[PDB]
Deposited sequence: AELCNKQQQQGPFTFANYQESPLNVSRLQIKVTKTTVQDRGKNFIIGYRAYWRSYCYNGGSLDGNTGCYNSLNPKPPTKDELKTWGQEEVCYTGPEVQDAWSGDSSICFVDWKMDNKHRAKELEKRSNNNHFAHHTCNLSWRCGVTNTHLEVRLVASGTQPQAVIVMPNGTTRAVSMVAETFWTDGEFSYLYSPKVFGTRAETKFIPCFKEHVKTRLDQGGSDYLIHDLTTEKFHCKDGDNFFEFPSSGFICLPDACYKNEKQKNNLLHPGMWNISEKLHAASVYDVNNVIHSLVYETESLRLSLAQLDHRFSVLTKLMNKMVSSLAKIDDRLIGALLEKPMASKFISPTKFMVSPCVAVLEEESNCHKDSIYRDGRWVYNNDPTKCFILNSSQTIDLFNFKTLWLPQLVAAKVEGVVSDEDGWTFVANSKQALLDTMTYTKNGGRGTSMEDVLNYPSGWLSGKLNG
């Protein structure tokens, strides 16, 4: 029995209210600028010669001695074109122990006609012909056909296509014809199919938090305040600010040159574990909520099924009638428009995601070719060989 004598209240049922959240999903309409060019579009060729012009007139003659030089002869544009097309470099002649008469070979304007697939010079010299000159001449050359990835910078407005050097220096790509240049021993030719930049209009998905965290294919980036940002391979400008002149957000060039340490990646790993534990806490909390709901609903049905003896059968989708032998125990006997009480929509599921990994600039095939060639020159120039 109860004591209906004495009340307490009045009471109300406390509702649960979700915590408001400012994260929304946006499709941001942008103009996307790229400078992509596919295939072997970059040719690198080097050429130099070691020259040793000596005279032996004895220790009394002031002209007794050697005049040695390492001279770079970078190929011309058309030379480099036929080198890459033939995968072959052309040099002058290999001169060894050419004395008094033939020593004039040291200054000929040799008109390069010796063809090699690859050729390293020999650092050889000798001055053992008395009262006479001696000539030694050795050539080096190399060529490679690679693919060059051109990047985008700003320097102001109007993103520009550039080539990034391993030292950090940037070189503008010519928008008229076949950017070519020369640096010491090396000559570089970049020949893309089409010139300039490409621009497309597209929507990129973002999450608005003051802060926009966006995605475009395998690119992931924080979209800035003014709706204009440049990544290495692409620039994203928000229309509505299409007709505005703005300096875009600039990527740091050093991030593409310098490698990431094992410790940095292990830190990202630890941050992922921390977020996975935080995620597991949220999931466990929702699991406990579902357990509370099933306990409440079990008691609610136990109360209502006493009045409606067909309810438990409708819940189980089998025709039956219920009869309780106890407030908790029961026995079982055998037997247009819609309204939405929930307004539940389809559940947003985080999609799969794979970030782009490209490496560092020095690891690129062209700059690796350059670095190896220079290292080979160091390796061959360690000591002088006797051309005797």
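A.B. asks: What are the missing stretches of the deposited sequence, listed from start to end?
C.D. replies: Several regions go unmodelled: 1-2, 212-231, 358-392, 446-467.
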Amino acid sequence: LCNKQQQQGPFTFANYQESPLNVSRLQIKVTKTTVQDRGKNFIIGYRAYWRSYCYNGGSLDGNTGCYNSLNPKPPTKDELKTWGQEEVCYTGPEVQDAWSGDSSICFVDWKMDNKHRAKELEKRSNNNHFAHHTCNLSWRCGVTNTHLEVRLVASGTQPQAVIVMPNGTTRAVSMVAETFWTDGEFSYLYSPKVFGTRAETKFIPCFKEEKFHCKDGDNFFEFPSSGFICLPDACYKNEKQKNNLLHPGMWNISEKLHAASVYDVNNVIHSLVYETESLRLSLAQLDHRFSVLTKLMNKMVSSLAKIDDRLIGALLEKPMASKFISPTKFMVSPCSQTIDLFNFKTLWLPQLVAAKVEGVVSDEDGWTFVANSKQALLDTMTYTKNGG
From here on, numbers count along this sequence of modelled residues.
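A.B. asks: Should the higher mean CA B-factor in the entry be assigned to 27-35 or to 322-330?
C.D. replies: It is 322-330.
A.B. asks: Do the C-alpha atoms of 54-62 or of 353-361 have the higher average B factor in the entry?
C.D. replies: If you average the C-alpha B-factors of 353-361 and of 54-62, the larger mean comes out for 54-62.
A.B. asks: Using the entry's values, work out which of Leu148, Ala177, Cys235, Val273 has the largest Cα B factor.
C.D. replies: Of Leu148, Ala177, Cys235, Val273, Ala177 has the highest C-alpha B-factor.
A.B. asks: Identify, among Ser261, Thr157, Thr182, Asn267, the residue whose C-alpha carries the highest B-factor in the deposited PDB entry.
C.D. replies: It is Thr157.
A.B. asks: Grab the CA temperature factor for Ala14 from the record and place it in the lowest, middle or highest third of its chain.
C.D. replies: According to the entry, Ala14 has a C-alpha B-factor in the chain's middle third.
A.B. asks: Among the modelled residues of this chain, does the Cα B factor of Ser69 put it in the lowest, middle or highest third?
C.D. replies: It belongs to the middle third of the chain when residues are ordered by C-alpha B-factor.
A.B. asks: Using only modelled residues of the chain, where does the Cα B factor of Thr91 rank: lowest third, middle third or highest third?
C.D. replies: CA B-factor rank for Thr91: highest third.
A.B. asks: Pull the Cα B-factor of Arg140 out of the PDB entry and bin it into the chain's lowest, middle or highest third.
C.D. replies: Bottom third by C-alpha B-factor.
A.B. asks: Based on the entry's values, in what third of the chain does the Cα temperature factor of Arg289 lie: lowest, middle or highest?
C.D. replies: As the PDB entry reports it, the C-alpha B-factor of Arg289 lands in the lowest third of its chain.
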